[PDB]
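*Asks:* Sequence plus experimental coordinates follow:
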Amino acid sequence: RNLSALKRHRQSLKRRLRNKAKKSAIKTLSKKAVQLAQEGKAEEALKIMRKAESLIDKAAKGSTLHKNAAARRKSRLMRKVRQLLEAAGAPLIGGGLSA
Amino acid sequence: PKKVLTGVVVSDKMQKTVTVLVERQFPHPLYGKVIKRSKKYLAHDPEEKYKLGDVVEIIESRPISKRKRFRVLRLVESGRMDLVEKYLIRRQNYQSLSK
Amino acid sequence: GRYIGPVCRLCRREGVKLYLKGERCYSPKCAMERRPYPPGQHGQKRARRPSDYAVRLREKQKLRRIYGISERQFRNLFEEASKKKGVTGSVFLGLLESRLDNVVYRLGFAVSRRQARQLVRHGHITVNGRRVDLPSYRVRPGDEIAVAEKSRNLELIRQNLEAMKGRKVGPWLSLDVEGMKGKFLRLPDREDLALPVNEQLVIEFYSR
Amino acid sequence: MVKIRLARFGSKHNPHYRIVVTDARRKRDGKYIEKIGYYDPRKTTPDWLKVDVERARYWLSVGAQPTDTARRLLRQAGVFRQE
RNA sequence: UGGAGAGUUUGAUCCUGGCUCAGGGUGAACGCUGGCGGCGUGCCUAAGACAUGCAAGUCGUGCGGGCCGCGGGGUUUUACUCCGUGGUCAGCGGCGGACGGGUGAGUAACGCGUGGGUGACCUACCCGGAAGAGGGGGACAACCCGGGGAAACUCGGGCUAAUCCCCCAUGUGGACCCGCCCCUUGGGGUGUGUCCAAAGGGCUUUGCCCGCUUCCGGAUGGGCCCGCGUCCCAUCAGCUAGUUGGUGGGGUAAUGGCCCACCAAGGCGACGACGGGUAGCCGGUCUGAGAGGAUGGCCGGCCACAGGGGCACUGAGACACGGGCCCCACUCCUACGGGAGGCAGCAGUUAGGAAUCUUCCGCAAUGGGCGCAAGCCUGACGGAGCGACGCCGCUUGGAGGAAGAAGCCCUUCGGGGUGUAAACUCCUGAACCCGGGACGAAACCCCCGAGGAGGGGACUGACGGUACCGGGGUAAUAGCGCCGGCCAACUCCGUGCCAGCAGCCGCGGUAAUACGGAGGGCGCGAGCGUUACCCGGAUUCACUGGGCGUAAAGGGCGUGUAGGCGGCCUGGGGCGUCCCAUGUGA
Ligand SMILES: [Mg+2]
Ligand SMILES: [Mg+2]
Ligand SMILES: [Mg+2]
Ligand SMILES: [Mg+2]
Ligand SMILES: [Mg+2]
Ligand SMILES: [Mg+2]
Ligand SMILES: [Mg+2]
Ligand SMILES: [Mg+2]
Ligand SMILES: [Mg+2]
Ligand SMILES: [Mg+2]
Ligand SMILES: [Mg+2]
Ligand SMILES: [Mg+2]
Ligand SMILES: [Mg+2]
Ligand SMILES: [Mg+2]
Ligand SMILES: [Mg+2]
Ligand SMILES: [Mg+2]
Ligand SMILES: [Mg+2]
Ligand SMILES: [Mg+2]
Ligand SMILES: [Mg+2]
Ligand SMILES: [Mg+2]
Ligand SMILES: [Mg+2]
Ligand SMILES: [Mg+2]
Ligand SMILES: [Mg+2]
Ligand SMILES: [Mg+2]
Ligand SMILES: [Mg+2]
Ligand SMILES: [Mg+2]
Ligand SMILES: [Mg+2]
Ligand SMILES: [Mg+2]
Ligand SMILES: [Mg+2]
Ligand SMILES: [Mg+2]
Ligand SMILES: [Mg+2]
Ligand SMILES: [Mg+2]
Ligand SMILES: [Mg+2]
Ligand SMILES: [Mg+2]
Ligand SMILES: [Mg+2]
Ligand SMILES: [Mg+2]
Ligand SMILES: [Mg+2]
Ligand SMILES: [Mg+2]
Ligand SMILES: [Mg+2]
Ligand SMILES: [Mg+2]
Ligand SMILES: [Mg+2]
Ligand SMILES: [Mg+2]
Ligand SMILES: [Mg+2]
Ligand SMILES: [Mg+2]
Ligand SMILES: [Mg+2]
Ligand SMILES: [Mg+2]
Ligand SMILES: [Mg+2]
Ligand SMILES: [Mg+2]
Ligand SMILES: [Mg+2]
Ligand SMILES: [Mg+2]
Ligand SMILES: [Mg+2]
Ligand SMILES: [Mg+2]
Ligand SMILES: [Mg+2]
Ligand SMILES: [Mg+2]
Ligand SMILES: [Mg+2]
Ligand SMILES: [Mg+2]
Ligand SMILES: [Mg+2]
Ligand SMILES: [Mg+2]
Ligand SMILES: [Mg+2]
Ligand SMILES: [Mg+2]
Ligand SMILES: [Mg+2]
Ligand SMILES: [Mg+2]
Ligand SMILES: [Mg+2]
Ligand SMILES: [Mg+2]
Ligand SMILES: [Mg+2]
Ligand SMILES: [Mg+2]
Ligand SMILES: [Mg+2]
Ligand SMILES: [Mg+2]
Ligand SMILES: [Mg+2]
Ligand SMILES: [Mg+2]
Ligand SMILES: [Mg+2]
Ligand SMILES: [Mg+2]
Ligand SMILES: [Mg+2]
Ligand SMILES: [Mg+2]
Ligand SMILES: [Mg+2]
Ligand SMILES: [Mg+2]
Ligand SMILES: [Mg+2]
Ligand SMILES: [Mg+2]
Ligand SMILES: [Mg+2]
Ligand SMILES: [Mg+2]
Ligand SMILES: [Mg+2]
Ligand SMILES: [Zn+2]
């Protein structure tokens, strides 16, 4: 009966978590980014937008988030960040953005 | 080559969208006599330039919406309401058919 | 295969002298010389004008019976005839002739075709070295329709050989009576043929 | 990946492969990208092989591991001989 | 290079017009009969229910152990060990389980076919080109202990490896924000800012192979998109709330109302929307002179489904038939808490049905998967098996023998027919027995060179002691339909509108070529008939090719919408139309 395709299954479980994990970090850091972004604090906003950008591409090196979806995240993320710091603020610290 | 069509614009009531009607013609598979049929296409017009009664080149395009997969290429002649006359008349004899 | 039953009997329905028998049919008795009428209780009474059917029918049954051959096979050939170019009526016949068991008759290695079939089928014949026994075997032009080694000195083989001396046969053929072997010159012209049969009437019936 | 192999054909007991470039997946007697020449295990005729070495050169060129018993008819058919 | 008609309305006639037959066709079935092979083919019904076996795994050159067999030096040896080591069965780890194989339920729709689009896209392994591989840390199974449990399994506690996880560096390069040029839908280059690499494993060591990482190209496979083609009912005529479009966002590999918030009031429809019925589509197949009609079994392509329905996880790829979770139905186990299962894979069961096979053989071939290879599994496949289901080849004999046996039919009592038919003689020699016996198989693998090109060297065949070849060798299965007309093929008896026949016209009420039996004949033969359905005949939906005074058929008459159709001459474009080339039409 026991077709050891189970190994394939047990594997997937271990997998699921591992990138579920990476993925949620994306989100929460991503939020805590746009958050501090709008609020005003820029050098802090970006400083988080940093380990943001990082954690994204990092998830890219494997089976998790991949392709240019690794990018689409950034293309919008920092895209939103800039726009908000833009609200009366200014490119305080040399964040992940070029002025 | 991205297929292209001339048909008259037949409605402008849409936001950045236009209804274009295009008679093709062809010969009946058994009866030869060239017959005429027509279809409406939902063109895109981000400049809201084209008005009613315009005759237009329409190009197969990247999908804009549920029904728009063409965009307006170029005008061919302004004043030709006489044709929309027809499309309206046709569309009005209907109301006198129901029960 | 061939209606093994009474055969000096068909000659009688068609009413034409037919050479299914060998010596005897040449004698006074193809069944026919003594009894020129059709078989059965009747047939000796005044027959009636065959409908356009009977005619096209009986003519078919003639040319078919002459080769003692499978209707399905015949029917097939008739159609193969239309498959290819030319005058169908001829090639049909021309094609009938290509039949190996028909050659061992035109080349006379036997008195009958039914006899001819036996020998062919029994491996007694051969072609270019191989012991063909397929009556069907279509003879293409130009091939040693010889006789086999174990066979050459055979009882009923010789009695037909010593009887096969001289007597010219087949303009579309050639017989090395000594070496016991013939050749297929070419495909039998219509004129080269002479059968008691109207080809044009057999085509008719094969349209129903 | 893409492949180059024998595609059986012709009746029972009468094999008659067809040496072709398919995708590895395609079933055996399947659809295929192109024909690069027949073959016969029995050699009933003097023509018991053939290969458009020209285009074969091509498919190997754009990368395309063939079968093993298909090399056996590319070598023994002269494709890798440059001298 | 291809086209036939007949019977039947009448006392008879011509015409109109139905009905009916002869033809071909099948995944066939049923009847009577049935010898041999070859290549095909075989659940059309309940996408009903399935016992048992087998259908997908593989790598010790990713890692660490449980187990087990062999061996030895080193220390005189003891304690032995480590390694070489081969085998294992599990575990982690990698690649494959999405291919292959089954079936048409659903689906009338970009599902399919066909031709294009993607500046809106991905693509494992393969191929090509560039670059790079420095250091450090950690977890969890196996295993050990403990615990619960009928079972299924499972909780905890403690170690440990790695091509598993993670971190900092180098950044060829790539991703992103913004800015510039080129380009023109999101294409290409550059600049500043940030972000992201990596894994070791082998042998014959001064080296090569299997691998890793980033990136660009290549090929192949695929997502998406559009023009056009794709069934019956108008006694279905109006349809539409994500409905149509916009703006911004979410999602994806990517476009899109695919999903959400906000706004606008749209979108569709007699050129048939909406509904209802029906159905997988195609290359093709059948039929037909052809136009046309019918059709999608087998084979190949595409689609869809895996008891019904929903779902996502892993992944380059699936929402995955032999993976997972949930509900419903169904079967089984249970220690009543619980648990297991999915043949529309091969084969086989049962059920229903007019009806559809062997629980075979083999990886030798071809193909696939993994692997450095040796090799392992491959019910794909290659074969064998059973059914005249189909097409094709073959057989049941060949020659000679009577004015012509016996029997049996008919008979004007002379005779006729079966009938060369048999008998008999001769010749041949299916079956059967003996011998020999493959092709399908030369590659991976071994030396030269260099593991390359090039040559040479060996193993391996399920089918099968079959095919085929030589020797011996026995005359050695015939059946079914019809015989009134169409329609080939006549008489005798019985029967007496009874028994029965039939496709239609009709036949049988004493003298039947129409019923049944006979002799005889006709047709065709391992087949012959019946029934069913498709095309033809049917020019009987008529484009090819029909009609409407009385045969069926002119709207009771106008007036007009849409639609269809449109005079004479010059000219522009060239939409149809035509011609040429070119891609495509697997
Ligand atoms: Mg012809
Ligand atoms: Mg000609
Ligand atoms: Mg014809
Ligand atoms: Mg009548
Ligand atoms: Mg065989
Ligand atoms: Mg079925
Ligand atoms: Mg080992
Ligand atoms: Mg070991
Ligand atoms: Mg390795
Ligand atoms: Mg071990
Ligand atoms: Mg001890
Ligand atoms: Mg130890
Ligand atoms: Mg199959
Ligand atoms: Mg099927
Ligand atoms: Mg429908
Ligand atoms: Mg469609
Ligand atoms: Mg369509
Ligand atoms: Mg397409
Ligand atoms: Mg195309
Ligand atoms: Mg360089
Ligand atoms: Mg460690
Ligand atoms: Mg370590
Ligand atoms: Mg880092
Ligand atoms: Mg640089
Ligand atoms: Mg870095
Ligand atoms: Mg780094
Ligand atoms: Mg590293
Ligand atoms: Mg790694
Ligand atoms: Mg490391
Ligand atoms: Mg070394
Ligand atoms: Mg919607
Ligand atoms: Mg509102
Ligand atoms: Mg259906
Ligand atoms: Mg159905
Ligand atoms: Mg047609
Ligand atoms: Mg159909
Ligand atoms: Mg169809
Ligand atoms: Mg089927
Ligand atoms: Mg099929
Ligand atoms: Mg099919
Ligand atoms: Mg299901
Ligand atoms: Mg089932
Ligand atoms: Mg389900
Ligand atoms: Mg699966
Ligand atoms: Mg599933
Ligand atoms: Mg299964
Ligand atoms: Mg119990
Ligand atoms: Mg019990
Ligand atoms: Mg209990
Ligand atoms: Mg239960
Ligand atoms: Mg075995
Ligand atoms: Mg194999
Ligand atoms: Mg097996
Ligand atoms: Mg039977
Ligand atoms: Mg039968
Ligand atoms: Mg007698
Ligand atoms: Mg008598
Ligand atoms: Mg005789
Ligand atoms: Mg006899
Ligand atoms: Mg005797
Ligand atoms: Mg013999
Ligand atoms: Mg021997
Ligand atoms: Mg070596
Ligand atoms: Mg033997
Ligand atoms: Mg022997
Ligand atoms: Mg055989
Ligand atoms: Mg013999
Ligand atoms: Mg008659
Ligand atoms: Mg009676
Ligand atoms: Mg009577
Ligand atoms: Mg009478
Ligand atoms: Mg009678
Ligand atoms: Mg009758
Ligand atoms: Mg018709
Ligand atoms: Mg018609
Ligand atoms: Mg007409
Ligand atoms: Mg008429
Ligand atoms: Mg009138
Ligand atoms: Mg002009
Ligand atoms: Mg001009
Ligand atoms: Mg063609
Ligand atoms: Zn005679």
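*Replies:* Structure received. Numbers count the residues shown, from 1 in each chain, chains lettered A, B, ... in the order given. Ligands and ions are numbered 1, 2, ... in the order given.
*Asks:* Chain B: helices as residue ranges?
*Replies:* Using DSSP state H, the helices of chain B run over B:81-93.
*Asks:* what's around the residue in it positioned nearest to ligand 1, how many residues?
*Replies:* Taking C-beta to the ion, ligand 1 has its nearest neighbour within chain B at residue B:30, 32.0 Å off. Just so you know, the C-beta spots here come from the backbone N, C-alpha and C atoms, and that holds for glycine as well. Counted by other C-beta atoms under 10 Å in any protein chain shown, the residues lying close to residue B:30 total 6.
*Asks:* Ok, residue B:75 next?
*Replies:* By the criterion of other C-beta under 10 Å, residue B:75 has 14 neighbours.
*Asks:* what does residue D:24 give?
*Replies:* Around residue D:24 there are 9 residues (other C-beta under 10 Å).
*Asks:* can you tell me how far it sits from ligand 1?
*Replies:* Applying C-beta to the ion, to the nearest Å, the value for residue D:24 to ligand 1 is 49 Å.
*Asks:* so what's that residue up against?
*Replies:* Residues in contact with residue D:24 (C-beta atoms under 8 Å, 6 or more residues apart in numbering or on different chains) are D:1-3.
*Asks:* Recalculate using a threshold of 6 Å.
*Replies:* D:1, D:3 (C-beta atoms under 6 Å, 6 or more residues apart in numbering or on different chains).
*Asks:* Backbone dihedrals for it, please?
*Replies:* phi -40, psi -30 (degrees, to the nearest 10).
*Asks:* And it, how far from residue A:97?
*Replies:* Per C-beta to C-beta, to the nearest Å, residue D:24 is found 47 Å from residue A:97.
*Asks:* can you pull out the strands in chain B?
*Replies:* B:4-11, B:17-28, B:32-44, B:55-60, B:70-77 (DSSP state E).
*Asks:* Mind telling me what element the most centrally placed residue in chain A is part of?
*Replies:* When C-alpha atoms, centre = their mean is applied to chain A, the residue found nearest the centroid is residue A:26 (3.3 Å). Assigned by DSSP states H and E, residue A:26 falls within helix A:6-39.
*Asks:* Next SSE downstream of that helix?
*Replies:* helix A:42-60.
*Asks:* Could you give the separation of that following helix from the chain centroid?
*Replies:* Distance, stretch centre to chain centre, for helix A:42-60: 7 Å (C-alpha atoms, centre = their mean, to the nearest Å).
*Asks:* ok so, going back, the helix holding residue A:26 relative to helix A:42-60, how many degrees between them?
*Replies:* Computed by axes from the mean of the first three to the mean of the last three C-alpha atoms, to 10 degrees, the angle separating helix A:6-39 from helix A:42-60 equals 160 degrees.
*Asks:* Say whether RNA strand E is contacted by helix A:6-39.
*Replies:* Yes. Helix A:6-39 lies within reach of RNA strand E by C-beta under 7 Å from any atom of the strand, at A:6-16, A:18-20, A:22.
*Asks:* Drop anything exposed from those.
*Replies:* Listed as buried from the residues of helix A:6-39 next to RNA strand E are residue A:22; burial here means 16 or more other C-beta atoms under 10 Å in any protein chain shown.
*Asks:* Now the most centrally placed residue in chain C. Nearest residue, chain neighbours left out?
*Replies:* With distances taken as C-alpha atoms, centre = their mean, chain C has residue C:67 as the residue nearest its mean C-alpha position (3.8 Å). Among residues not flanking residue C:67 along the chain, residue C:96 sits closest, at 6.0 Å (C-beta to C-beta, 6 or more residues apart in numbering or on different chains).
*Asks:* same thing with residue B:67?
*Replies:* The shortest distance from residue B:67 to any non-neighbouring residue, by C-beta to C-beta, 6+ apart, is to residue B:42 (4.2 Å).
*Asks:* Quickly list what the one you found is bridged to.
*Replies:* residue B:19 (DSSP bridges).
*Asks:* now it: how far from residue B:89?
*Replies:* Plainly put, residue B:42 is 22 Å away from residue B:89 if you go by C-beta to C-beta.
*Asks:* Same drill for those two, tell me which one is more crowded.
*Replies:* More neighbours surround residue B:42 than the other of residue B:42 and residue B:89, with 18 against 9 (other C-beta under 10 Å).
*Asks:* Isn't that one up against residue B:69?
*Replies:* No. Here residue B:42 lies out of contact with residue B:69, judged by C-beta atoms under 6 Å, at a distance of 7.9 Å.
*Asks:* Show me the helices in chain C, by range?
*Replies:* Using DSSP H, helices in chain C cover C:10-14, C:23-26, C:52-65, C:71-83, C:88-98, C:100-106, C:113-121, C:155-161, C:199-205.
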